[PDB]
Amino acid sequence: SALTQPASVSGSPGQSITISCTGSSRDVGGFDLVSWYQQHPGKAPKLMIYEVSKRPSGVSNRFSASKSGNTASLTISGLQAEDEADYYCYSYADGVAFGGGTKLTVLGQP
Amino acid sequence: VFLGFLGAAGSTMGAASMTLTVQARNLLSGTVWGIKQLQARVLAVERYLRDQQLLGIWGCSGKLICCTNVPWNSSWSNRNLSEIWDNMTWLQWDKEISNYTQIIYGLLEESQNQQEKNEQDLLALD
Amino acid sequence: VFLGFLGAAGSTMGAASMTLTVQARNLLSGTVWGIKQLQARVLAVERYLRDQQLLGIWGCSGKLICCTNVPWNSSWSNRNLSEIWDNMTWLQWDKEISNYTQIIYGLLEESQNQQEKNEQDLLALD
Amino acid sequence: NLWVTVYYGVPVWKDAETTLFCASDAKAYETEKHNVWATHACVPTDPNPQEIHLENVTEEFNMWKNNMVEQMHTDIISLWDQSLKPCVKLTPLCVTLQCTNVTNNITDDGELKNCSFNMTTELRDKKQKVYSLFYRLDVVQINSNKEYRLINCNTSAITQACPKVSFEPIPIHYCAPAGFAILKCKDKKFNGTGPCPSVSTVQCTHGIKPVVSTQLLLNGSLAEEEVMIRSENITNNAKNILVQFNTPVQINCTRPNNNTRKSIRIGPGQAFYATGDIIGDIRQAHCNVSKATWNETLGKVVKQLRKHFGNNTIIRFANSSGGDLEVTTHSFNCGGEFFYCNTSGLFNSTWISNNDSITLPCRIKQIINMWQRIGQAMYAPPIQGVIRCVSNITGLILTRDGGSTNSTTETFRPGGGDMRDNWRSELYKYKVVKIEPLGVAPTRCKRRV
Amino acid sequence: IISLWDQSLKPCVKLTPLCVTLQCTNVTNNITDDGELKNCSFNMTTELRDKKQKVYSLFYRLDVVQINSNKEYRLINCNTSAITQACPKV
Amino acid sequence: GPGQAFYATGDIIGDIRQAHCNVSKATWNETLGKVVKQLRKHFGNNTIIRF
Amino acid sequence: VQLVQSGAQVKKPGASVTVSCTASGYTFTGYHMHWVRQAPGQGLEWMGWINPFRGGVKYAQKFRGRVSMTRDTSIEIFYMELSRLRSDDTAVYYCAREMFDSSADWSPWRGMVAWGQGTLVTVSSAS
Ligand SMILES: *[C@@H]1O[C@H](CO)[C@@H](O[C@@H]2O[C@H](CO)[C@@H](O[C@@H]3O[C@H](CO)[C@@H](O)[C@H](O[C@@H]4O[C@H](CO)[C@@H](O)[C@H](O)[C@@H]4O)[C@@H]3O)[C@H](O)[C@H]2NC(C)=O)[C@H](O)[C@H]1NC(C)=O
Ligand SMILES: *[C@@H]1O[C@H](CO)[C@@H](O[C@@H]2O[C@H](CO)[C@@H](O[C@@H]3O[C@H](CO)[C@@H](O)[C@H](O[C@H]4O[C@H](CO)[C@@H](O)[C@H](O)[C@@H]4O)[C@@H]3O)[C@H](O)[C@H]2NC(C)=O)[C@H](O)[C@H]1NC(C)=O
Ligand SMILES: *[C@@H]1O[C@H](CO)[C@@H](O[C@@H]2O[C@H](CO)[C@@H](O[C@@H]3O[C@H](CO)[C@@H](O)[C@H](O[C@H]4O[C@H](CO)[C@@H](O)[C@H](O)[C@@H]4O)[C@@H]3O)[C@H](O)[C@H]2NC(C)=O)[C@H](O)[C@H]1NC(C)=O
Ligand SMILES: *[C@@H]1O[C@H](CO)[C@@H](O[C@@H]2O[C@H](CO)[C@@H](O[C@@H]3O[C@H](CO)[C@@H](O)[C@H](O)[C@@H]3O)[C@H](O)[C@H]2NC(C)=O)[C@H](O)[C@H]1NC(C)=O
Ligand SMILES: *[C@@H]1O[C@H](CO)[C@@H](O[C@@H]2O[C@H](CO)[C@@H](O[C@@H]3O[C@H](CO)[C@@H](O)[C@H](O)[C@@H]3O)[C@H](O)[C@H]2NC(C)=O)[C@H](O)[C@H]1NC(C)=O
Ligand SMILES: *[C@@H]1O[C@H](CO)[C@@H](O[C@@H]2O[C@H](CO)[C@@H](O[C@@H]3O[C@H](CO)[C@@H](O)[C@H](O)[C@@H]3O)[C@H](O)[C@H]2NC(C)=O)[C@H](O)[C@H]1NC(C)=O
Ligand SMILES: *[C@@H]1O[C@H](CO)[C@@H](O[C@@H]2O[C@H](CO)[C@@H](O[C@H]3O[C@H](CO)[C@@H](O)[C@H](O)[C@@H]3O)[C@H](O)[C@H]2NC(C)=O)[C@H](O)[C@H]1NC(C)=O
Ligand SMILES: *[C@@H]1O[C@H](CO)[C@@H](O[C@@H]2O[C@H](CO)[C@@H](O)[C@H](O)[C@H]2NC(C)=O)[C@H](O)[C@H]1NC(C)=O
Ligand SMILES: *[C@@H]1O[C@H](CO)[C@@H](O[C@@H]2O[C@H](CO)[C@@H](O)[C@H](O)[C@H]2NC(C)=O)[C@H](O)[C@H]1NC(C)=O
Ligand SMILES: *[C@H]1O[C@H](CO)[C@@H](O[C@H]2O[C@H](CO)[C@@H](O)[C@H](O)[C@H]2NC(C)=O)[C@H](O)[C@H]1NC(C)=O
Ligand SMILES: *[C@@H]1O[C@H](CO)[C@@H](O)[C@H](O)[C@H]1NC(C)=O
Ligand SMILES: *[C@@H]1O[C@H](CO)[C@@H](O)[C@H](O)[C@H]1NC(C)=O
Ligand SMILES: *[C@@H]1O[C@H](CO)[C@@H](O)[C@H](O)[C@H]1NC(C)=O
Ligand SMILES: *[C@@H]1O[C@H](CO)[C@@H](O)[C@H](O)[C@H]1NC(C)=O
Ligand SMILES: *[C@@H]1O[C@H](CO)[C@@H](O)[C@H](O)[C@H]1NC(C)=O
Ligand SMILES: *[C@@H]1O[C@H](CO)[C@@H](O)[C@H](O)[C@H]1NC(C)=O
Ligand SMILES: *[C@@H]1O[C@H](CO)[C@@H](O)[C@H](O)[C@H]1NC(C)=O
Ligand SMILES: *[C@@H]1O[C@H](CO)[C@@H](O)[C@H](O)[C@H]1NC(C)=O
Ligand SMILES: *[C@@H]1O[C@H](CO)[C@@H](O)[C@H](O)[C@H]1NC(C)=O
Ligand SMILES: *[C@@H]1O[C@H](CO)[C@@H](O)[C@H](O)[C@H]1NC(C)=O
Ligand SMILES: *[C@@H]1O[C@H](CO)[C@@H](O)[C@H](O)[C@H]1NC(C)=O
Ligand SMILES: *[C@@H]1O[C@H](CO)[C@@H](O)[C@H](O)[C@H]1NC(C)=O
Ligand SMILES: *[C@@H]1O[C@H](CO)[C@@H](O)[C@H](O)[C@H]1NC(C)=O
Ligand SMILES: *[C@@H]1O[C@H](CO)[C@@H](O)[C@H](O)[C@H]1NC(C)=O
Ligand SMILES: *[C@@H]1O[C@H](CO)[C@@H](O)[C@H](O)[C@H]1NC(C)=O
């Protein structure tokens, strides 16, 4: 895809983690609308971070989003067992481009 | 004092003369069922112009203060200045003078502006 | 000069001080889809009378000129006459002073007409 | 020490929005034609269209945040509805139409259905059997021969535009009331946004022909000097590319079939104008464009597009992606009946570094539901005789295609559909401003006691 | 309120072809009902003027009144007055 | 219609009951009593108020 | 708001699959509609977007020519037709409602707030 995400990240419950979305200068850096969707295994994804940093309704303040140059980042504070799902990055690369997807695992074997 | 619209309505007439500025600005306020406001705000503009036209046809041409050469007739509830300007309010005032207000306007616009403007016109005639 | 309506828009405030008689004359302009013209010609007269009321409740009562006794507060863009009447135009002027117009109008009406008009009344009451 | 002074009638304007009225030309006043679609009570225009010019003036124009186009769109929709309402309703036309193909030979495509049906006459007791010649885009088969019914007999209440009115776009001048002025940006190079160097004041605009068309700005105003490419957000491809030509491209559109009109009486005082038998040759509508002029115009457009995207790049054209018939094709009204030319032979070229005419098939669709007003569709009556109109293409409503990981050949496809762009092609250089004639200013003057 | 009420009903749907002879029967219930639920089936003009439609509905007792085989009903206020359905978008 | 739809009541899914409105008997008794204490003012010093 | 989709489909390689997504609980003619494709076990893929007002569609480069997106504003249903099906097209398809209106406050791409239940299409050369 037009973005490169970590293959799988892990963390301990209650801590904070940072998932990186690495894009070029014309997709992630050239605009300010990197979003983060939460896809549970076998279910439809859910928008949990719209715009580039703002979050839509239904999502608590445990998620935050930032951007440094052409590298976006999703920070999760206070990890919980419910967050053991996939989290996809999204950017406007002269169109629609998504991150490679990253499997999240908390309090569990790799 | 700025006590809002109609702030000193119940206060004395002498003190109610210092709040005429808040009510002089509020007299203008800047399909179906929209006809209400369109027929009301055309009534507001036509109403304020009626009072302004009267304020113009009289010897005032001025805002919130006017003095005319019509002498106060004793038949119009003869009292004293202290008995009125401090013991009465503007609410109580018109309630007893609501007899001659139409004719008081008459001698105050006819005998004044048709005379003192004509006297002023002939004073500059030379 | 008569350069048409808003003819001296980009001109300096000193030169635009003589075209005031123009931009005033064009402030009044003498079914379905015909409600537009009626609503527009009502809004126009209401806005014109709002501005005229604001002008009357000030110590002007007249057009194209006015003066008063309210001092220019040093906080409100303390400059010189040529620094404002010759270095700027009305557009940049109101743009940089689109802060205090409301409170300036309020002071102009309150501190003057509620004080100087009653002052005239009491000095003529003798 | 300084003192405040009040100036009444200062050259001061502020951005606002207000109900703009109209002003029509009195030359077409003798063409009343029983309340022509647009101009009925439009006040006469200015005999001397005074347009004052200004200097040392700069205004931050915005053709995409303009509120004049919204007022124009709402006024056009309301005027259309109010001109449609007093016409005849076609609610009894929703009947099972026994339709066969027109009397023709092989190599026909439908597109001409001879439909017979039991229509109600004047007397409620008796009934009547009448026939008409519909178009395939107007009927749909319900499922012995094949039975059809009108396309808008299940989702909308069809109404027939009473033919006493016309559809000719008449010059409409959107004029602002007292205390308001309109600022014309009379410079050559103006992309739509930013400050305008030459900002003049005027009471209102020129003669605007409210043409309702897609993929092509017919009978529009030409560009200041050279072809101009206007888009809200260059990076956005969805933003409809608004091209303004400098040379009008002639386009000759002809409905060659000689249609006869049958005035069937559906009710007491209720008429119904249907297409009788076509007398003459059965051809199909077409729109000729001189191939050389269209080629050189597309060349100018790609030359200008090579300025907003890279120094040199490859620009490609293609026929519309998809959607309703009103977007995939070029829609417009020529002689009172709206039709659509697919215009595939107009967007086909590809430019990288460095006498005849093109003919496009045009399909007619009498039952119309423009502006997507769900529940209220229109019926366009037929027009007697051959229809011919020579229009001037002066604009293009394009849209850029999505990019990729690497994009060296950007492709543009026609589009639009939303009629706000047809108005943004005329109300881009205008903006309304309210006058604030009250101004406080310091000086040495001071009133007496 | 009255004038504002009518202006919200005029653009709604009119039910003048609604009240035809309704073959109303009592809904599927047991004894000790009170009525109050009439299962009415009636012919209704479909989109096409030619074809007709045999459709049913569940009206209340206060809405229907028997006009005078089983019993036949019709809408209560469908003499007297032209019934109008308040379009449910509002 | 064409394009005119009479929203009718379909089959009632579930149990067939009738509508009702509940009102706390503790409050309603107390509310009406507070009214009688005020209503007795306008009719005699003490009279029998019946609802 | 709810986006109800069809059931899982079984198509042979080289066929054409037509999926439907019905919407409920909002204004149908004021929100874009994205068509998202996802192979089971892989990342997320985009196909195109539909504007219900006149149905202006824009497809992705990978499926331009194969995919055709339309809509019925009467029933308020988006239809996606896919031809020249290959073994790679065995995947789950979703319909994503845009977060905001496309006509207002929409220059750039953002938001897929609501999704569908997803339809699994199985393309395999087996019988
Ligand atoms: C761009 O500008 C073109 C120049 O004005 C214009 O072309 C003319 O369009 C009119 C109609 O729009 C053509 O006139 C028609 O002529 C026939 C023959 O007499 C009339 O029957 C017809 O009247 C119709 O009558 C119906 C019944 O009363 C009524 O329902 C219809 O609405 C209509 O009034 C017209 O008068 C004229 O020949 C065209 N001239 C040429 C040669 O260009 C284009 O249509 C215009 N394009 C757009 C997009 O508007
Ligand atoms: C539209 O339909 C409605 C509903 O049917 C209808 O309203 C009803 O009309 C009838 C008359 O058609 C009314 O009937 C009367 O009701 C009173 C009170 O119950 C009875 O006393 C009457 O009985 C008799 O009374 C007198 C005895 O000497 C005589 O006048 C005569 O013999 C009477 O039969 C009689 O039943 C009924 O009350 C109303 N009310 C209802 C149910 O709505 C309405 O009039 C119709 N509109 C029309 C016809 O335009
Ligand atoms: C009013 O009438 C108009 C005119 O008929 C009508 O418009 C048409 O509606 C039909 C359905 O109501 C549309 O047909 C659909 O088209 C899509 C195209 O992708 C098909 O996918 C639909 O189903 C087919 O495919 C399914 C597979 O997912 C199969 O399960 C199914 O059996 C079908 O094979 C279906 O055919 C049609 O496109 C429109 N367009 C036209 C011709 O105008 C409108 O909907 C009516 N409105 C109402 C409900 O009153
Ligand atoms: C559409 O269908 C109708 C119904 O058939 C056609 O009308 C009928 O057409 C026939 C063939 O022309 C007519 O028959 C002959 O017409 C001439 C007219 O001069 C007449 O002199 C002959 O004696 C004979 O009647 C017929 O009258 C006519 N009318 C009907 C309703 O029967 C119609 O022509 C068809 N239109 C097309 C172009 O397909
Ligand atoms: C843009 O151009 C394409 C290519 O012309 C248009 O689509 C294609 O149109 C042709 C002619 O109608 C179709 O050909 C016919 O297809 C049928 C089956 O659908 C077949 O039975 C006929 O023998 C004939 O081959 C063609 O299928 C169709 N689609 C494709 C994939 O080529 C398209 O409509 C144009 N778009 C616009 C907006 O004009
Ligand atoms: C009031 O009367 C109507 C009409 O009898 C009742 O509706 C009908 O109920 C029957 C079942 O008792 C339905 O039949 C079934 O329909 C399904 C539809 O998919 C079909 O698969 C079955 O084989 C069977 O035919 C019938 O469709 C339904 N409607 C009509 C138009 O007849 C209604 O239920 C009664 N009221 C109540 C509350 O029971
Ligand atoms: C509307 O169109 C705008 C076009 O200018 C667009 O903003 C611009 O987008 C480009 C990328 O397409 C940015 O270019 C580069 O800017 C810096 C350079 O170091 C980095 O972010 C990247 O290298 C980037 O490619 C422009 O900086 C950016 N802004 C400007 C002033 O041109 C908007 O994003 C579009 N959408 C919106 C929401 O306005
Ligand atoms: C619109 O009309 C044009 C007319 O040229 C169509 O273009 C070609 O038409 C010929 C007619 O025999 C076909 O064989 C071609 O396949 C068409 N396309 C191309 C790319 O040459 C065009 O396809 C039409 N658009 C439609 C049908 O929607
Ligand atoms: C719809 O119209 C048909 C017209 O035939 C009605 O059918 C008749 O109904 C009566 C009363 O039930 C029967 O005695 C006849 O035998 C029926 N005729 C036929 C041919 O079926 C039908 O009842 C009407 N439906 C409603 C409820 O309005
Ligand atoms: C209404 O009555 C007419 C009677 O003419 C029906 O038309 C029938 O006869 C026509 C003349 O030969 C044929 O062209 C029609 O196909 C034929 N229709 C049938 C029943 O097949 C007409 O169909 C009747 N009702 C409608 C409008 O369908
Ligand atoms: C009532 O009289 C007092 C007298 O001092 C005055 O201050 C007050 O404003 C009056 N009431 C009002 C609100 O007019
Ligand atoms: C004063 O009153 C008397 C008696 O009513 C009347 O004749 C006279 O004209 C009045 N004078 C004025 C100034 O109105
Ligand atoms: C004025 O006073 C007289 C009595 O002198 C009375 O008849 C008349 O009604 C009064 N007019 C009013 C109160 O307007
Ligand atoms: C611009 O300035 C010149 C003087 O430099 C003046 O003559 C002209 O009128 C100004 N333009 C406007 C619109 O006032
Ligand atoms: C002048 O400005 C100061 C604030 O800087 C304010 O406190 C003061 O009241 C102002 N004076 C006048 C005359 O408005
Ligand atoms: C007035 O000035 C203050 C201080 O700069 C600023 O915060 C405020 O927004 C201004 N108000 C205006 C420009 O109306
Ligand atoms: C001709 O018309 C008949 C009648 O509806 C129709 O069945 C047939 O397909 C049409 N043929 C074409 C496409 O010309
Ligand atoms: C037009 O120019 C302005 C100013 O540089 C810029 O902000 C805008 O995005 C440009 N877009 C258009 C409308 O072409
Ligand atoms: C259309 O016809 C006119 C003459 O009526 C001619 O001048 C023009 O060149 C023609 N346009 C085309 C596209 O052939
Ligand atoms: C347009 O003209 C150029 C120059 O002769 C030519 O290369 C190109 O193929 C032409 N395109 C069309 C559409 O005829
Ligand atoms: C489009 O261009 C191709 C050549 O690139 C040509 O074969 C085709 O016929 C053209 N389209 C039309 C509308 O004929
Ligand atoms: C092109 O034709 C239209 C027809 O309405 C006309 O208005 C326009 O002025 C013509 N083009 C030019 C530049 O004359
Ligand atoms: C049936 O209908 C009649 C007449 O409306 C009613 O009296 C009766 O209670 C209903 N139900 C039963 C169970 O008979
Ligand atoms: C209505 O229900 C609420 C929630 O259960 C309850 O608190 C309240 O007391 C109830 N009111 C009545 C009239 O029972
Ligand atoms: C109703 O409630 C009030 C207040 O508790 C009480 O005084 C009164 O006696 C009660 N009435 C009855 C009939 O219980």
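Note that residue numbers begin from 1 in each chain and follow the written sequence, not necessarily the entry's scheme, while residues that lack coordinates are absent from the view. Chains carry letters from A onward and ligands carry numbers from 1 onward, assigned in written order. A larger assembly contains the chains displayed, and the values given here are confined to that displayed part. Hydrogens and water are ignored here; the side-chain numbers use all heavy atoms of the structure.

- As stated in the entry header, the method of structure determination is cryo-EM and the reported resolution is 3.9 Å.

- Looking at the PDB entry, one finds chain F named HIV-1 BG505 SOSIP gp120,Envelope glycoprotein gp120, with Human immunodeficiency virus 1 as its source organism.

- You'll find chain D entered in the PDB entry as HIV-1 BG505 SOSIP gp120,Envelope glycoprotein gp120, with Human immunodeficiency virus 1 given as the organism.
- Note on chain D: under the UniProt heading Sequence similarities (unreviewed entry), the record states "Belongs to the HIV-1 env protein family." UniProt positions are given in the numbering used here, feature names are shortened, and annotations may be inferred rather than shown by experiment.

Observations regarding the pattern of salt bridges
Step number 1: Take a side-chain nitrogen of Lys or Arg and a carboxyl oxygen of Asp or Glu: if they are within 4 Å of each other, that pair is a salt bridge. In the structure shown here, the tally under the stated rule is 29 salt bridges over all chains.
Step number 2: Measuring nitrogen to oxygen at the nearest pair gives 2.9 Å for the salt bridge that ties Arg62(A) to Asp83(A). A residue pair is termed long-range when its members are at least 10 positions apart, and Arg62(A) in the loop between β4 (46-49) and β5 (63-68) and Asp83(A) in the loop between β6 (71-77) and β7 (86-91) qualify at 21 residues. With respect to burial, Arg62(A) and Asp83(A) carry one shared label: buried.
Step number 3: The salt bridge involving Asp94(A) is made with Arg400(D); its shortest N-O contact spans 2.7 Å. Of this pair, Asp94(A) sits in the loop between β7 and β8 (97-98) while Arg400(D) sits in strand β27 (residues 387-400), each in a different chain.
Step number 4: Relative accessible area serves as the criterion here: at 15%, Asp94(A) is assigned to the buried category.
Step number 5: Relative accessibility under 20% of the residue-type maximum defines a buried residue, over 50% an exposed one, and the middle range a partly exposed one, all with a 1.4 Å probe and only protein chains included. According to the relative accessible area criterion, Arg400(D) is buried, its value standing at 5%.
Step number 6: Each of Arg62(A), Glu82(A) and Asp83(A) takes part in one network of salt bridges that share partners. Runs of H or I in DSSP of at least four residues are treated as helices and runs of E of at least two as strands, each being numbered from the N terminus.

Quick word on the sheet that holds strand β7 (residues 67-72) of chain G
Residue and element names in this part refer to chain G.
Step number 1: The pairing criterion is simple: DSSP has to find at least two bridges between the two strands. Reading across the sheet, the 4 strands line up as β1-β3-β8-β7 and stay open at both edges, with antiparallel pairing between neighbours. Across the chains shown, the open sheet's two edge strands, defined by having one partner strand only, are β1 (2-5) and β7. Neighbouring strand axes in the sheet, compared pairwise and without regard to direction, differ in orientation by 20 degrees on average.
Step number 2: Strand direction decides the pairing type here: β7 and strand β8 (residues 77-82), joined by 6 bridges, are antiparallel. Each residue of the ladder has a partner; that of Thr70, found in β8, is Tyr79. Working convention: axes come from line fits to C-alpha atoms, limited for helices to the stretch in contact. Angles between N-to-C directions cover 0 to 180 degrees.

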